[PDB]
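Here we start with a single chain on its own, the form deposited in one PDB entry, put down as structure tokens.
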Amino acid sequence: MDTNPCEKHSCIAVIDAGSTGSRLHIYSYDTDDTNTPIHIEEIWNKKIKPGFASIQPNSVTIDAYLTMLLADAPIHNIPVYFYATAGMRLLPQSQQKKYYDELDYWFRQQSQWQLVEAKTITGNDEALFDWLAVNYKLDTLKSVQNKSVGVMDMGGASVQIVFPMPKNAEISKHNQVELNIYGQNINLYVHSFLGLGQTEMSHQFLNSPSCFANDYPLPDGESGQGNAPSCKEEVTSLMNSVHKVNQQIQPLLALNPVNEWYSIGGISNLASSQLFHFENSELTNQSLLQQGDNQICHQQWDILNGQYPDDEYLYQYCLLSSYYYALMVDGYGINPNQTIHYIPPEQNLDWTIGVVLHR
């Protein structure tokens, strides 16, 4: 990297306005013979909490939020894409509109940032960007591939799944995307499940004693009595009896097998805790469930809490181990012993590189 890379390269800002927080990335890039970006490098990032959708939208709060996100960036005179995800999708269009009317007006009132788009993207667009971002990092877009790469984004309010699949005229057009990038034609299945993100999902199980460490104080006054297999079956009832995840995904995956699975999102936070024993930044669902069951569900809450003072979301780790297995194995039909790669969390990798490539 150069000092002041944006005097030497094209630059763009992309903001992931996620359910739990917003992340500003600034990317420098060059472009190949077709004006497609290459050599993408992240030259700045800043993450703030809470989520954009969680603020009261008037001109004071919106100014304070965008100031906190944007003011100390090292360059401002570049195009901005502000793309919100599932936290904004939980709100009706009439309510979302107040947010964007205020945001638009704030960008019109300054003379540096060049707002190109500010809008809520569908879960299907979010899954397209998930797949592009990951495969860009793996260097698999340049040439046609011997192996199928699938991507899962395990977020706070929705989850996405995306994998190669030839065009199928019996599947909704909303769940399929064709793109041509770097001279290759790629066809993907995309799907997002609103409400199955970890924050939303957890609000249906807070009083389940099987989903918390022993003696954890549940909100209703009862005590935790953890057991990950029991917790996992309760979550599977939300996955399949309510959302029909298995009926939608499994017939497609069985016919379009994925050779390598990569996950991003808040799963990498869990998988990186020292309560767990994983090598090579990968896990399997069977090991996750077994280790969550032994190291968390069946331990005494007070002991655990004193022992891991740096795990802020520690109290949910029995529930999350259970949920990820319910989602991936009972929902998507992934084999419990199949390797799932996770990107280390210090990398802060989200779907934003996909916007650089796709616009």
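Definition used throughout: the rigid core is the maximal C-alpha set that superposes within 1.5 Å between two forms. Each residue number is its position in the shown sequence, starting from 1.
Although it is not shown, the form deposited in another entry is what the next lines describe.
Core-superposed comparison between this form and the one not shown: among 222, 104, 233, 260, the single residue whose C-alpha moves by 2 Å or more is 104.
Comparing the forms between this form and the one not shown, the C-alpha position of residue 333 differs by less than 2 angstroms, with the core used for superposition. Comparing the forms between this form and the one not shown on their rigid core, the Cα displacement of residue 47 reaches 2 Å or more.
Comparing the forms between this form and the one not shown, the C-alpha position of residue 311 differs by 2 angstroms or more, with the core used for superposition.
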